[PDB]
Amino acid sequence: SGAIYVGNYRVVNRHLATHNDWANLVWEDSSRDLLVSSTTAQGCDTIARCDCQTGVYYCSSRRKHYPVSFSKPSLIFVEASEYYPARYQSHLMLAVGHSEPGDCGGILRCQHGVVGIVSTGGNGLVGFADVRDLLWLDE
Ligand SMILES: NC(=O)[C@H]1CCCN(C(=O)CN2CCOc3ccc(Cl)cc32)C1
Ligand SMILES: [Zn+2]
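Per this note's numbering, the very first residue in the sequence shown carries number 96; after that it's consecutive.
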């Protein structure tokens, strides 16, 4: 679980979105595993606009933050679940670090702000859905 609150928006993993999120839907993309919904309260999370490949993510399964080196956003294949069939997930970044089901929604941040959220992992890896290209989150 976990979300990004920036201005009048809430960014969550699309597979974890609520009925309220869908009733106030702004944009969603199954290929990215993202959904953005509108909010009445003001969010103060700052989104990074950069090409950083180092950052710190929150890992709920360890209740700890971990520093990581991560790859640049790309199309990477993902297995199958009660949420999606076998597919390539776009705008995905990988890092060597611990993650297990339940860690989705954990924020990844660099010195510039919020980079993305945990969306997949396994075998000593962790995958993050990038949000740095969604320039409209800020205006
Ligand atoms: N982005 C997706 O398609 C996700 C949707 C939820 C399910 N997905 C998983 O990867 C589930 N899973 C299995 C392997 O071990 C893991 C370790 C860390 C994490 Cl965060 C998830 C998993 C795909
Ligand atoms: Zn940065």
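Where a beta carbon is used, it is the ideal one built from N, C-alpha and C, also for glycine.
Is any heavy atom in ligand 1 found nearer than 7 angstroms to the beta carbon of residue i?
i: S194; result: yes
i: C154; result: no
i: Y179; result: yes
i: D124; result: no
i: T215; result: yes
i: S169; result: no
i: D198; result: yes
i: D128; result: yes
i: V173; result: yes
i: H160; result: no
Report yes if the C-beta of residue i is less than 7 angstroms from at least one heavy atom of ligand 2; otherwise report no.
i: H207; result: yes
i: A143; result: yes
i: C147; result: yes
Give the straight-line distance between the Cα atoms of residue i and residue j, rounded to the nearest whole angstrom.
i: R109; j: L232; result: 16 angstroms
i: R158; j: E234; result: 33 angstroms
i: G216; j: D198; result: 9 angstroms
i: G222; j: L187; result: 6 angstroms
i: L170; j: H114; result: 28 angstroms
i: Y100; j: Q137; result: 8 angstroms
i: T135; j: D116; result: 12 angstroms
i: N218; j: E174; result: 14 angstroms
Since residue i contacts residue j with CB under 8 angstroms, what's their CB separation in whole angstroms?
i: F165; j: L189; result: 7 angstroms
i: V163; j: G192; result: 5 angstroms
i: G201; j: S155; result: 6 angstroms
Original post:
Does the segment 134-150 touch the segment 196-209, meaning 3 or more C-beta pairs lie closer than 8 angstroms?
Top reply: Touching, per the Cβ criterion.
**OP:** Inspect the CB distances between the segment 138-145 and the segment 215-227 and report whether three or more fall short of 8 angstroms.
**Re:** yes
Original post:
Is it true that the segment 96-108 meets the segment 120-131, where meeting means three or more beta-carbon pairs spaced less than 8 angstroms apart?
Top reply: Short answer: they touch.
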